[PDB]
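These are the residues of each chain, in order.
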Amino acid sequence: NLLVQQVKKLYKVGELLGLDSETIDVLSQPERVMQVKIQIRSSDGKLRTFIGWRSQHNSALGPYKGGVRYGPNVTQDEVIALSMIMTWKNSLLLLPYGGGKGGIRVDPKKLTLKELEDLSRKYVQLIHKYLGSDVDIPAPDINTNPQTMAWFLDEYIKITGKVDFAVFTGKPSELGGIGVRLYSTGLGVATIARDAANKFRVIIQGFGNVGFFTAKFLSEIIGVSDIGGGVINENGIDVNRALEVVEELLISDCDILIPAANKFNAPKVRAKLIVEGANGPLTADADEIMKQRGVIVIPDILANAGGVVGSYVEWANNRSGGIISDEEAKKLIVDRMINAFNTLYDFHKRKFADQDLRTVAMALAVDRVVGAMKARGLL
Amino acid sequence: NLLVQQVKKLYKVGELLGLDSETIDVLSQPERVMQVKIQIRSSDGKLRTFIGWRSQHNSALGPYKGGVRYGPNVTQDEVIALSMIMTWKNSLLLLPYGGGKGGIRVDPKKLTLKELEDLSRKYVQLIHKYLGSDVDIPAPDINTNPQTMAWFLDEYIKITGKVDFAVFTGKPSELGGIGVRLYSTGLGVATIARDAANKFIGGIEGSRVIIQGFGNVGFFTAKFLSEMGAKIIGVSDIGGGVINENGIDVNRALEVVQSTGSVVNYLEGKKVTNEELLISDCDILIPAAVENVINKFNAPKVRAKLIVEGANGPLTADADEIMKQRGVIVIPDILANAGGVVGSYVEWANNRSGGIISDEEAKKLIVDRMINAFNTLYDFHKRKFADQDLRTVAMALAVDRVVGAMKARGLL
Amino acid sequence: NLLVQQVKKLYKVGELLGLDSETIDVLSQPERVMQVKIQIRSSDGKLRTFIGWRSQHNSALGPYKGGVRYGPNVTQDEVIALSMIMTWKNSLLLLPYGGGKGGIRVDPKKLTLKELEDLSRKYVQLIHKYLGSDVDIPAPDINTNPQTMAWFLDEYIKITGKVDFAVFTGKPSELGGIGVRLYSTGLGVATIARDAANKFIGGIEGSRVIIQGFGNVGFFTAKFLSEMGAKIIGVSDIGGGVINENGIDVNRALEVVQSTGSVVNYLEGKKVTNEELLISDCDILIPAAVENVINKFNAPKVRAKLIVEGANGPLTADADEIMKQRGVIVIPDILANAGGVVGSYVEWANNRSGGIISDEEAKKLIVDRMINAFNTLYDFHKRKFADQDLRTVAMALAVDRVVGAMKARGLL
Amino acid sequence: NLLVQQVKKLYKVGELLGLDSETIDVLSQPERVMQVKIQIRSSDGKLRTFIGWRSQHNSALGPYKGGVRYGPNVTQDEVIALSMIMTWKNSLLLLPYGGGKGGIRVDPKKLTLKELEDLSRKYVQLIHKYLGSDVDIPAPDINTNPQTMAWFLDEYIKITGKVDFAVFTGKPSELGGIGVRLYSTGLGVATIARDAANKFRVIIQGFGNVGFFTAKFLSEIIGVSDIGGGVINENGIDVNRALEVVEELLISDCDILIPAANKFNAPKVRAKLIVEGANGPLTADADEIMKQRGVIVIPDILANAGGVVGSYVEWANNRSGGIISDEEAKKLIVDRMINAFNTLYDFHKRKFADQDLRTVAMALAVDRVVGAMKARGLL
Ligand SMILES: NC(=O)c1ccc[n+]([C@@H]2O[C@H](COP(=O)([O-])OP(=O)(O)OC[C@H]3O[C@@H](n4cnc5c(N)ncnc54)[C@H](O)[C@@H]3O)[C@@H](O)[C@H]2O)c1
Ligand SMILES: NC(=O)c1ccc[n+]([C@@H]2O[C@H](COP(=O)([O-])OP(=O)(O)OC[C@H]3O[C@@H](n4cnc5c(N)ncnc54)[C@H](O)[C@@H]3O)[C@@H](O)[C@H]2O)c1
Ligand SMILES: CCCC(=O)C(=O)O
Ligand SMILES: CCCC(=O)C(=O)O
């Protein structure tokens, strides 16, 4: 389902780049995927086994990088498909990294912390021979957190005997992690929103992980909204003390609208600059409508990826010995988010002027990968 | 669907054994499965990519063991199912080996010899971190041969720098291999089939034998069984088969394959389809080709007194019941085709020991394990489980050892 | 014969330093040399085998470092000699790197691109146990390029399973490389040549420059030196050269190579032989091709005030003396072409650090080391050793660090 | 010098087997060769550096196997050439092994035991990354002994941290070595001499390492000789108490003559069966003369190689855990010396009947190697 859309999106992009179907077959299918059986024992002695996956999609540009999600609906193909988005995303942001992802078919709610810990450990253990700081670097995803990374990390240290901080990302700050991890996506969305209005009055549909920091860094904001709504105060709201208190907003009248959380309500937004703060804030129709309407949409794969850049800098930090200051890490995100958007402005002019920035982004993502593979003699 | 079948057979025996469905769940699933993408550049510059799998089913009793098949219809699920049967085969014969198997989705016929080498090398290279003399020892299966094993071998020595002969089995005798291994599976099937006939249907001499498949298993099965005084009245391959109730010259039959492509083109006999062969009149039927070839629909029509399973997983679970209902004796593959794995256990053992087992010591090592495992099965059937088919008894033994070993290691 | 020359130059400086001939014997010899046999299958099935070397000269100051050249005349002895100069170059510039170099006896022109890849991969594969990010980091030399480094890279990731970018330097910028590295050697030679001209012959502007060689070093040397206001009045390659006292358009010159094969075919100028070029009238002569190109016989005829050595080992030891006798200043290669190794030190350093050095930080990192090493050499010449040529002073520094480090490690 | 004769002998044999010159180029040149600088410090503080080599000729059939010689005249090319003889010899005796050899340019006489020890250690150390029980297995040669192997062994244990007995051969019996090492060549020469007279009154020019044991096992001997001569007692001399006492013999009248230590004295030997106990007991002329004269000559490469077979069994023993009894090791030499000679009798009939047994032996040696390489896709 996610797979089939990702393969489709890919073949669409391959024809546009002028690629053999055989060359796109390569790009499509993952290099390696492993599946592992995890037996977990409950307090009562009850035995349950759980199946999990690591899809290592592509490593043209570097070692596989990407998080691990726990969930009762995860499937081999969801993991693979998520592999692929990571390949393209890392490519676009010019990271020394390829695409990987992992998942386990489990409902974490139905497990104690002791069982999760045991589950997290055994997954790592069953796949470690294709993990490493220089081969495959997992991270948090859905139902996975810095705590999951500490269990991953400790179990790795148990097997290899090395305190290799950089093998996992999203780690707690006291175990090789870095501070910006929380304001990464935000700093990301913010620095993209700013230099995008420069080339081409803010609203933010959200104030959680991303929205709040997107709001703070940009003001350094006429709208705000929660799962319970917000206020279109034209003053510009106080971004701090909105935290002390914890359809209209989209259609509202602004210069930048930042979804941080359809064809119907698409031709009504008055924002002439979209900075997609989460994944999939628009539909396949609502780009048609935004493109026709001449309103610039900066997509998921770039605007929301201050997080994976944050994990890169965490990775970089570990290898440098943890010397990178928070000041210097901040600047590395902005450098890596500016550089990547200016290559997507410069590719956008010299060719594919006709085309949407999502399609052009992932084009450039594939172009960079195929280019690396050609140079290594892999096609 | 091999998976589905093999899982049903495991539950059948699990419930008999008194195992929780949670335990059987653990046994059922492979510990680790890898799929890998293999890209091949034709001589004209056409790029073809192919998918392969290595299924590492169970490692309670030792490192994973088993063959790799190349074929257009191989699938993740069947290689996992072939994994399963390795586990039981290795357990039944008391080998320090778990169960594993590999497969690639490819039609070797549509590739050149240079393409298959490249293919073979990249397969190994893409999984080699979960291979080893003490991790996972592959071997030949369908459309794989000692040459395949030499490309595998050679590629592993390049990657690691070590001439560890024991990482692959079924190797040419000049590269750490052992001559018996070429024909150990067929010799095993022949040996078991004769013991079975002596104990059940009045012996092997004069006996009318149909063999489906005429490759490394089927040919050698037929050769040895013919040397032993059996009458081989039917033979077949992918191309179809031939029944001659006056017997078939096996060597000449092979020549007809070599000069023709298939064994339907045997001149002295009646051409039959594979389905027709399976239900043709015979004393002993030996499926020595592919799985699930006898099912709920043709099993009522099978005419043999005794089925000896050369191939991995020839009958469905429903076929197993019917054979039981009809009083038709089936020698499990877990025991009948073990001459392969036993032969490669000795190949392996000889490698670690440094090459100091002669070809006759080896031959004896293989035949003896084979018979002893038969006599164990036979005796254990008479004493306990005398109302169950043989595969059930074999499986009981095989599954019990594995669970025992998992218990001790604290895995269960 | 590069070996012979480089050994003489080392004894010259050793005796000056007051080292026992036993010590110089140790310094002289490479710690380890590998030769390997590489077999290549042409598209028609013709088998060609080629010999390559990796010379690991000295590792006192760190892991071995240096390029690989492909060429029909490369020899064990020259790669060992090129090793030596790496040691001194790495020591003079305070890099945590010993000296190494590689070579293959092959004419790349007579191979296809598919043959050179195979060639490049098997070279690495046959020595890879004595390579590593912390053992021996190769890089481009003559007839080797970022593409070569990518085949090397890719083959190493296959063998080991690890994407350690830092195992090779001069890599394409999209595979762990750094853009400055493409032109760091030429930028270094240009930078040093300008500083040298400002301090000795009244500056670089208007200055008449002959460059022998027009590849990765010579072209970029000429480009930057031309950007800096020098007049490049002669250029050459294997095909011969051209002198135009009105200056040569460097970019257009490169185009004449690209569309023609050689730079003799430059339209606006006088065609000369390489020998004629070397002794042609100029302010600054920059050998940026091969070794031993100036010797006892043409050194008396060299017309330049200042020789800047782009290439490794351009003058013989006898040429060095003559240049001294005649008062002709020679900037050692150990310092002039270091922009390469400095550029790849930063490429390497950036890899281990995770890719977080920008291309401008890198550029500055390289230029600064280059100048500082010049100023050190210059100042150290004025204070001690003011009666010795510059190469002697540089060598004094370089050799002394190495012996110091060997002492502390108890190797000497 | 040794090189050029070995390359020549090889190209002679390649044409006879019907091989491309490009295929013989491969076979000729070694796969890898390394050279290492060894600095040794004397008691007086004097520093001396010594250059040494490991030539790893071919590994078609298995890991490189072959000894290390010390000597002031050893050269890279002597080592390479010695590589090659080992490749062919191992092939002929059907060993799971290829050809390697090593040497150091040193006069051991001019070094103390402390300096030799240090020299022996550092050689191993400088090459260990291409040594191992499964990659390259050195042994004793000239000016090298079981004591040299103990220093090799200990230094290896120091680097790797593993007591891998099988990495070196010729070890003292109390450090992974085996008993037959002394009567190996003898048992070799003896069992070859016996089953050769069967197919087709003994003399032995020598009674040292090989001669004595060749004499004992065969009697279980009308001639004997030393560097100081012997006695042609027609009784058959007492082989034991000849040890208690420590041109004519060759020309003498016997059925088997066994040189254990030229055209001129070649047409006079009355022996109709030569079992070459040392290397090069005949000349390139004296085979012409022996062949013409119809007198069967069993060459160096097979008859004297009970030693390398002995080291194989030592190797085999180490890997099996040192369980092989002296009884069982004895039988393994004879099995490996019979098998190898019966393949050289069976190849000799089916083809190359016209040809000498030296040329036919090394033919079969090359045929087996090229065959293995073909199967591995190496030519
Ligand atoms: N001895 C071994 O190396 C070995 C090892 C492992 C497993 N096995 C098992 O034994 C069986 C035989 O394999 P093999 O090694 O002889 O293979 P093979 O490739 O040597 O020969 C296969 C034979 O089966 C025939 N065949 C293929 N598809 C067929 C079909 N659909 N219907 C009928 N015949 C068909 C082929 O034409 C050929 O005659 C397989 O089930 C295999 O899993 C054998
Ligand atoms: N920047 C680098 O990558 C690098 C690295 C290490 C060493 N170097 C040294 O710098 C020098 C230049 O090498 P490069 O990288 O520019 O090589 P290159 O292969 O890029 O170019 C070689 C150039 O020299 C010319 N040449 C070749 N043989 C010649 C001859 N006999 N006479 C005159 N010209 C000849 C070629 O035609 C070409 O113009 C060499 O001595 C090399 O050892 C350069
Ligand atoms: C040696 C493995 C044989 C095999 O895979 C089989 O018998 O199925
Ligand atoms: C980075 C190595 C460069 C080199 O080999 C040289 O400058 O000679």
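Residues numbered from 1 in each chain as written, not as in the entry; some residues may be left out. Chains lettered and ligands numbered in written order. Part of a larger assembly, values for the part shown. Heavy atoms only, no water.

By the method listed in its record, X-ray crystallography, this PDB entry was determined to a resolution of 2.55 Å.

### Side note on the overall build of chain B
Counting secondary structure elements, chain B contains 14 helices and twelve strands. For 412 residues, the compact-globule formula gives about 22 Å, and the C-alpha radius of gyration of chain B, at 20 Å, lands near that figure. C-alpha atoms of chain B, sized along the principal axes, occupy 55 × 55 × 40 Å. Here chain B holds 412 residues, and the buried ones make up 65% of them. Counting only contacts in chain B whose residues sit at least 6 apart along the sequence, the fraction spanning at least 24 positions is 68%. Split by element, the accessible area of chain B, about 14,300 Å² in all, is 50% carbon and sulfur. Distance from the positive charge centre (49 side chains) to the negative charge centre (46 side chains) of chain B: 2 Å. (Helix = DSSP H or I, 4+ residues; strand = E, 2+ residues; numbered from the N terminus. Rg over C-alpha atoms; globule rule 2.2 N^0.38 Å. Buried < 20%, exposed > 50% of the residue type's maximum accessible area, 1.4 Å probe, protein only. Contact = heavy atoms within 4.5 Å. Areas by Shrake-Rupley, 256 points an atom, 1.4 Å probe, with all protein chains shown as cover. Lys, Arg positive; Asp, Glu negative; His and termini not counted. Charge placed at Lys NZ, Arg CZ, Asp CG, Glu CD.)

### What about the packing of aromatic side chains?
Following the criterion strictly, the structure yields 54 aromatic pairs over all chains and no others. Geometrically, the ring pair formed by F380 of chain B and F385 of chain B is tilted, given 6.4 Å between the ring centres and 50° between the ring planes. Stacked on the ring of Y11 of chain A, the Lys or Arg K8 of chain A has its end atom at 5.5 Å from the ring centre. If you follow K199 of chain B out to its NZ or CZ, it ends over the ring of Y378 of chain B, 5.4 Å from the centre. (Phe/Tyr/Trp six-rings, centres within 6.5 Å; stacked < 30°, edge-to-face > 60°. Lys NZ or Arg CZ within 6 Å of the ring centre and 35° of its normal.)

### Brief notes about the site of ligand 1
Residue and element names in this part refer to chain B. Close to ligand 1 lie 22 residues; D141, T185, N216, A289 and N312 are nearest. Measuring from a nitrogen atom of ligand 1, one finds a side-chain N or O atom of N216 at 2.7 Å. At 3.2 Å from an oxygen atom of ligand 1 is found a main-chain nitrogen or oxygen belonging to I238. For ligand 1, whose unbound accessible area comes to 850 Å², protein coverage reaches 84%. Partitioned by chemical class, the residues of the shell around ligand 1 number nine nonpolar, nine polar and four charged. (Near = heavy atom within 4 Å. Polar contact = N/O pair within 3.5 Å; in protein donor to acceptor, adjacent residues only side chain to side chain. Nonpolar A, V, L, I, M, F, W, Y, C, P; charged D, E, K, R; others polar.)

### Focus on the interface of chain C and chain A
Listed by partner, the interface residues are 21 residues for chain C and 20 residues for chain A. Summed over the three residues of chain C that lose the most area to chain A, namely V163, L175 and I356 of chain C, the buried surface amounts to 29% of that side. Scanning the region where chain C abuts chain A turns up one salt bridge. Where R376 of chain A meets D154 of chain C, a salt bridge forms, and the shortest distance between an N and an O atom there is 3.0 Å. The interface formed by chain C and chain A contains nine residue pairs in polar contact. Only α4 (113–127), α5 (146–160) and α12 (339–353) of chain C provide two or more residues apiece to the side of chain C that touches chain A. Considering every element that reaches the side of chain C that touches chain A, the biggest residue donor is α5 of chain C, with six residues. For the side of chain C that touches chain A, the residue count by class is seven nonpolar, six polar and eight charged. (Buried area = accessible area lost by both parts, 1.4 Å probe. Salt bridge = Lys/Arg side-chain N within 4 Å of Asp/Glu carboxyl O.)

### Section: the site of ligand 2
All names here are of chain C. The immediate surroundings of ligand 2 are formed by 22 residues, with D141, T185, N216, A289 and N312 found nearest. Note that an oxygen atom of ligand 2 is positioned 3.0 Å from one of the side-chain N or O atoms of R69. One nitrogen or oxygen atom from the side chain of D141 is found 2.9 Å from an oxygen atom belonging to ligand 2. Protein coverage of the free-state accessible area of ligand 2, which is 840 Å², stands at 84%.

### What to know about the UniProt feature "binding site: substrate" (unreviewed entry) in chain B
All names here are of chain B. The UniProt record marks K65, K89 and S344 with the feature "binding site: substrate" (unreviewed entry), using the residue numbering of this structure. For this annotated set, covering 280 residues, all C-alpha atoms fall within 12.9 Å of each other, a compact arrangement in space. Residue classification places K65 among the buried residues on the basis of a relative accessible area of 0%. Within the secondary structure, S344 is located in helix α12 (residues 339–353). Exposure remark for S344: the relative accessible area of 2% places this residue in the buried category. Apart from the residues lying within four places of it in its own chain, the contact partners of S344 are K65, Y97, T169 and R181. (UniProt positions renumbered as here; feature names shortened; annotations may be inferred.)

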